[PDB]
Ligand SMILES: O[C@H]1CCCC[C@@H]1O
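Quick setup: one chain, the form deposited without the named molecule, written in structure tokens, and binding and motion questions come after.
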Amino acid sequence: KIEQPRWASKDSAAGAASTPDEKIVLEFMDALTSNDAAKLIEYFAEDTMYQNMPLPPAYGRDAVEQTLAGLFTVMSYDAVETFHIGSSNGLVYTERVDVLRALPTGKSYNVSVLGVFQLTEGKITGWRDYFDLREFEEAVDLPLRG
């Protein structure tokens, strides 16, 4: 389960994809729990990028896929609850909670995230997740930045 924060909009539509791009992203999200870089990479354009901002950016489609793969080595998504999704000028935004589990220790933690996606022809030409890395490491005892 994921209880929904008091501050989450009570507009019934703020959770639902409103546009094509948004449907995609929501699906991509749904596909994240596959924990499969090779599968996930599909949503991406050739000319793309990716970054969990506390960590370094990955440019180009195969870097992106490779970063994904390496992450999936120590951790796995158990759940993605997306509270708000919105869009303007070709970028899509998601406020969600990712339930991530750390493979080495088995502990999981509910990470508060706000991501931006850049799409071009339904192709993810960009993906950037903003969150606090430290409280995650501390929770599941899995360091990722020295």
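The first residue of the shown sequence is 1; numbering continues from there.
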Given 53, 40, 85, 113, the residue at which the Cα B factor reaches its maximum: 40
B-factor third for the C-alpha atom of residue 13 within its chain: middle
Chain-relative CA temperature factor third for residue 65: highest
Third of the chain, ranked by Cα B-factor, where residue 145 sits: middle
Third of chain Cα B-factors occupied by residue 81: highest
Chain thirds of CA B-factor: placement of residue 95: lowest
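Omitted from view is the form deposited with the named molecule bound, to which the following refers.
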Three-residue site 52, 71 and 77 fully in contact with the named molecule in the bound PDB entry at 4.5 Å by heavy atom: yes
Candidate from 26, 113, 102, 45 lying within 4.5 Å of the named molecule in the bound PDB entry - any heavy atom: 113
Residue 129, heavy atom within 4.5 angstroms of the named molecule in the bound PDB entry: yes
Residue 96, heavy atom within 4.5 angstroms of the named molecule in the bound PDB entry: yes
